[PDB]
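K.L.:
Sequence first, structure after; it's an experimental one.
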Amino acid sequence: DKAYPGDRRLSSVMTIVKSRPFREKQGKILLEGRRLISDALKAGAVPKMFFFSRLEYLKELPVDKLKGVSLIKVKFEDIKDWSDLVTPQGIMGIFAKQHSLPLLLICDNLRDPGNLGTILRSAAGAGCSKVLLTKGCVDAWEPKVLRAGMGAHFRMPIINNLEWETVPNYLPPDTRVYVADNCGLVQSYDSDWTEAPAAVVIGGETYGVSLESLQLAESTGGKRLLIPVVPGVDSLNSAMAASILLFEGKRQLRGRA
Amino acid sequence: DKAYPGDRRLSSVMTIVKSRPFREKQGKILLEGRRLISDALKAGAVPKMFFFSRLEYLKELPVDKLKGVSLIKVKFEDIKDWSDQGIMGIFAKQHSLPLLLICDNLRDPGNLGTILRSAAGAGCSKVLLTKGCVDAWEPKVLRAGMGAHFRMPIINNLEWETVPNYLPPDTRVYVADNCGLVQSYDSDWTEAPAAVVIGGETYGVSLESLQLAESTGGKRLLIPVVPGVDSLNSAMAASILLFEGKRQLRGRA
Amino acid sequence: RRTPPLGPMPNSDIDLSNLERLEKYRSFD
Amino acid sequence: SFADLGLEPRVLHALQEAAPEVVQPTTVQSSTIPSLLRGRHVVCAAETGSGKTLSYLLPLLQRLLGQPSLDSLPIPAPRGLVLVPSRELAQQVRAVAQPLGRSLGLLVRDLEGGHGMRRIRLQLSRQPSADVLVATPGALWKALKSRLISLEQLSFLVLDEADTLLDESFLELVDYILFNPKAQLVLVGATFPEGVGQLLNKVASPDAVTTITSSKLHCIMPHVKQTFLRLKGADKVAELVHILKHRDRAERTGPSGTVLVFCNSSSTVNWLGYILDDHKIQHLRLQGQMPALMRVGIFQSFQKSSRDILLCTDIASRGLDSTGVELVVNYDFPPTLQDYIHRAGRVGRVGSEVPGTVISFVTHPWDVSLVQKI
RNA sequence: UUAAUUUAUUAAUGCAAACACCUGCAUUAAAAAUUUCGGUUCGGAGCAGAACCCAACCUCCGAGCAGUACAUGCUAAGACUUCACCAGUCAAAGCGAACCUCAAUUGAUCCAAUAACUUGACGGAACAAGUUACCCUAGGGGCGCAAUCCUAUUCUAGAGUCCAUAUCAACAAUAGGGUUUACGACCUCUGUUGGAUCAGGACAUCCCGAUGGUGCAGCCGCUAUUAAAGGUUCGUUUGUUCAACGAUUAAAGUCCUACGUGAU
Ligand SMILES: [Mg+2]
Ligand SMILES: [Mg+2]
């Protein structure tokens, strides 16, 4: 049991959760939540340690979820300091850090946890079968990221170790790469992203899309797709644009044009 | 620049921004962020007071964006208490086949602002909310909305009663829920006027409104979920419904 | 103030350290 | 000093454990402790949290040492009793009593309304009988009416917040509690309004009074700095927010910013607390309308100083002995100048050593209190 | 005036009334009108094995009850009094007799109904901003010089561990800055977050040094002690000490210094 919040294991867990460079150097990530831990175990992640507070250890179901991993009882203050959320999740796991016509979405550059979680929830709603993002230092099990995903981020098939370099290699198949920007006009609904496979590349809201990716989208047989802005606002949120693009693709794959 | 950290401008700004009920009492909204303030000024928001931070006035580009607001040079403490943001702007808070997006009950301000930005992108002709408990002058709602709510026909005093009286025209009241399956794209909400009702995230869809949607000539419309997630985001579902309706009114079916 | 007894108070000497060592009124007589 | 009181080795060891906060008895404590150990029925008005509870308890412990255990037979009531007007004050008193009685043989218990009566009337609570019991008047009256407690077995009674116990809501229940009349009665308070003291004369016979500090209106503590609010109420909360901004400086230096807010009405306290929690302030509110479990949790947090901002209703104005009390804001100025002084003495309750800040808002009804401010 | 409140009055509507005009009622404004701008949920078994208590979004049975009654006599002094009465109470002497089940089965004030009895989801003041450096009456109190600050300081009394003269220093005293007070009226009616800069301090050391144990064969580690002598990067988004991004590094540690340093 861990009652003292100043324990070295608790300090190491807090350093790993708070710092993504610590997660990259230690090769370990922390996922808070019994449902999140179950989704990680089902997705193929191998847990190395299980953290159970005074509430989830009494359940003994999360103790069954360790599957041989190290289980340590945690006090309330230890759980509160260790978890990056205001509400500490009772069950946590410290682990080692496509279908036909699949929807592949590539998120370049740095992205906020709220925007990433909203994009994950919208993609789960639409039913995207492939997600590529930045390199391995980005953790989708962060409390802001996990809370923003509403459990859909743990439930979606997203690759967090894709990186900007191997994403063209991971999407070198027969998928038309398209650039989504306000200066792209073809239109978003005027694309063949549903009748054939699509590898959608979208930049950050405040980070933008790279010019090389925009050139490569035209190079990869696709065309630049723009959203017609009837209003006076030049750009909306990137998550809303991704949700609209996923909805248009799902509608056009559901028999629309 | 004000000498006191508790300056009356600083205190009033912190009171209006921090407390959205105080924002409703004062009738003002806060544009927070240079990109957000630019989007609000382009969206038609007219600021009434301006706060320019220690390094924001050094560039003075935002000083060109004022064009007649009450410009106060913003120092340390006002910016810090205003940070929830150095370009701070204190601003004042049915067509043929009309498109109305109705968010039932109260909701979180960030998701509400994202939904407002999505509705601005789609081009909905009406934004409908709950009763007086729903606040559109929240600074978080303004920040996530990117100032678009000033350009949208949004009324937050419509309530469960008078909004049904506000939509007594031939609008097909469509029920949008996870248990609706008709489908969202399988509805006639684009070939005719529609009254699309979206329930609250923490409150859900009212059974009276769900019964009235089937009663008022519409049908229950559901979003198909291939995955294992029980419900998607309400803002994402509303954006998907608005995009499907705009596509089907743009020549699709 | 506080008025105590003027003479010897009742049940004072028979207390002792061992109260259980008292013979006790086993009979009511 | 304390050794002049003839403390027992448990009492002397507990007093040594109270060091460096207790190196000798206070002058008021010196005046109070051995006169109570002389058994005289008396009332003492002094500084709140000045060790007066300890001064009363030490003589009470000495008197209980002279009491036989045969009166501690099953089903009877306690011989040592204490009264508090609030469940929080009674809980704090019971917590203080349980530390001293850990090395002693006295059993310490607490009784208040709104709590589990099964645990209150438990077989090791009511029937087994305790030496020290602090009880609210409502729970005690319910127990006596239901014959769950008695009043002929008492021998040493203590009346904490006796002026607050002399309330018109509180006087009738105390008189109903009032019972062997030969028991030693000691009352403790901060000040004695005259119209209640003669009420004590309704049940008094040659008692004694021990007063501390200035005999005049002892409004201003020499270790407390006070200010007058020369501004209208309309921005005053905003000014309080500005004071909160000033308290932001108090949040910056680590010098402790535990803030206690005086609010007259529980619903007004709720509105102000909703505003403050809206204003991103770590505020917890305690009131007479709060849930009993919620109030207990909030009181435990304030004892741990978990919430640096805490609002209090009329239930929580006086009697508080809170560690680290550095910020006290009369968000509502008390309707009684005695109540305002008692709220002032509630902060900085470690004594004349621990400093603190006091700020009081000024409203129109409190305009006549400005002459009281003089 | 976006203090408060109306709205006598218009102007709109809408609704009435009459068949474009008039009147009435609501709302909205414009404009007004009236008044404010203070002082110094509840139980049984286990976790909880032998006086209490004990914990889990702990392990199982349960509860929003049901059934069964309403000397619990009569007479009779003397008292309390709902601030009147009414209504209510206490009780001595006498006549006539003795000498609820359940296992939980429930909750609180407040607003209700009810004439009431009864039935419904731990302390509870009547209210109003800012200006008058125009308000009005009435009350309460350059030139002359250095008397003052003035410094290449003399006699050295004296401190400065000794040592007047490393340094300071009083009494009187060579004197003569035009920056301060007037004297004459000389030409006249307690400022604030980063950042730039400079950084000082601590180890509770991120690395390096020295070690002990290690689930330390070795490489990598972990723990603990000692060590502040030294450093602890560069850029992108964002003005945020944090956060996301890449290249890193032996490490990119933390804070304090008015959350260091704007009399620029
Ligand atoms: Mg009198
Ligand atoms: Mg006098």
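P.N.:
Looks like it arrived, so ask away. Numbering: from 1, shown residues only, chains lettered A, B, ... in the order given. Ligands and ions are numbered 1, 2, ... in the order given.
K.L.:
residues touching residue 26, list them.
P.N.:
Because you didn't say which chain, this covers chain A. Shown in contact with residue A:26 (CB atoms under 8 Å, 6 or more residues apart in numbering or on different chains): A:12, A:16, A:97. (C-beta placed from N, C-alpha, C; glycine too.)
K.L.:
Not quite, go with chain D.
P.N.:
Contact analysis of residue D:26 by CB under 8 Å, 6+ apart lists D:50, D:51, D:55, D:351.
K.L.:
would the first one count as being in a helix?
P.N.:
Right, residue D:50. No - assigned with DSSP: H, G, I helix; E, B strand; the rest coil, residue D:50 falls outside any helix and is coil.
K.L.:
Count the residues that sit near the residue of chain C found nearest chain D.
P.N.:
The nearest approach of chain C to chain D comes at residue C:2, 4.1 Å away (CB to the nearest CB). Number of residues near residue C:2 (other CB atoms under 10 Å in any protein chain shown) recorded here: 16.
K.L.:
same question, residue D:88
P.N.:
When neighbours are defined as other CB under 10 Å, residue D:88 has 23 of them.
K.L.:
mind checking the SS state of it?
P.N.:
Recorded secondary structure, residue D:88: helix (three-state DSSP).
K.L.:
Chain D against chain C: which residues are in contact?
P.N.:
Within chain D, the positions near chain C by CB under 8 Å from any CB of the partner chain are D:38, D:39, D:40, D:41, D:68, D:69, D:70, D:184, D:206, D:207, D:208.
K.L.:
Please identify the helix or strand for the one residue in the stretch 51-200 of chain A that gets nearest to chain B.
P.N.:
Using CB to the nearest CB, residue A:125 is the residue of the stretch 51-200 of chain A that sits closest to chain B, at 2.7 Å. In the assignment (DSSP states H and E), residue A:125 maps to helix A:113-126.
K.L.:
Show me what counts as buried in that helix.
P.N.:
Across helix A:113-126, burial judged by 16 or more other CB atoms under 10 Å in any protein chain shown covers A:113-126.
K.L.:
gap between it and the chain center?
P.N.:
Distance of helix A:113-126 from the chain centroid (CA atoms, centre = their mean, to the nearest Å) equals 8 Å.
K.L.:
Tell me the helix or strand right after that helix.
P.N.:
Next along the chain after helix A:113-126, taking DSSP H and E as the criterion, comes strand A:130-132.
K.L.:
Please name the strands paired to that next one in the sheet, noting orientation.
P.N.:
For strand A:130-132, the paired strands and their directions (DSSP bridges) read strand A:103-107 (parallel), strand A:158-159 (parallel).
K.L.:
Now do the first one against helix A:113-126, angle only.
P.N.:
What that stands for is strand A:103-107. 170 degrees (axes from the mean of the first three to the mean of the last three CA atoms, to 10 degrees).
K.L.:
Residue D:317: what's it in contact with?
P.N.:
The contact partners of residue D:317, by CB under 8 Å, 6+ apart, come to D:262, D:334, D:339, D:342, D:343, D:346.
K.L.:
re earlier: distance of the residue of chain C closest to chain D from residue D:37?
P.N.:
11 Å (CB to CB, to the nearest Å).
K.L.:
cool, residue D:52 as well?
P.N.:
Using CB to CB, residue D:52 is found at 14 Å from residue D:37.
K.L.:
Turn the buried ones among the contacts of residue D:26 into a named ChimeraX selection, would you?
P.N.:
Selection command for ChimeraX covering only the buried members of the contacts of residue D:26, criterion 16+ other CB under 10 Å:
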select /D:50,51,55
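K.L.:
Regarding the closest residue to residue D:327 other than its chain neighbours, what is its secondary structure?
P.N.:
Spatially, and ignoring its direct neighbours in sequence, residue D:327 is nearest to residue D:259 (3.8 Å; CB to CB, 6 or more residues apart in numbering or on different chains). With three-state DSSP as the basis, residue D:259 sits in strand.
K.L.:
wouldn't residue D:259 be in contact with residue D:331 here?
P.N.:
No - judged on CB atoms under 8 Å, residue D:259 makes no contact with residue D:331 at a distance of 9.7 Å.
K.L.:
neighbour-wise, which of these two wins?
P.N.:
For residue D:259 versus residue D:331, neighbours defined as other CB under 10 Å are more numerous around residue D:259 (28 against 23).
K.L.:
who's the more buried one bridged to?
P.N.:
Beta bridges link residue D:259 to residue D:309, residue D:327 when assigned by DSSP bridges.
K.L.:
dump the residue contacts of it.
P.N.:
D:247, D:308, D:309, D:310, D:327, D:328, D:329.
K.L.:
And the strands in the chain?
P.N.:
Answering for chain A, as no chain was given. A:28-32, A:47-53, A:70-74, A:91-96, A:103-107, A:130-132, A:158-159, A:176-179, A:198-202 (DSSP state E).
K.L.:
should've been chain D
P.N.:
D:42-45, D:80-83, D:108-111, D:132-135, D:156-160, D:184-189, D:208-211, D:258-262, D:283-286, D:309-312, D:325-330, D:357-360.
K.L.:
List the strands paired with the second one, with their directions.
P.N.:
Okay, so that is strand D:80-83. Each strand paired with strand D:80-83, and its direction, by DSSP bridges: strand D:132-135 (parallel), strand D:156-160 (parallel).
K.L.:
Quick check: which of those strands is buried the most?
P.N.:
Most buried of the strands paired with strand D:80-83, by mean neighbour count (mean count of other CB atoms under 10 Å in any protein chain shown): strand D:132-135, with a mean of 26.
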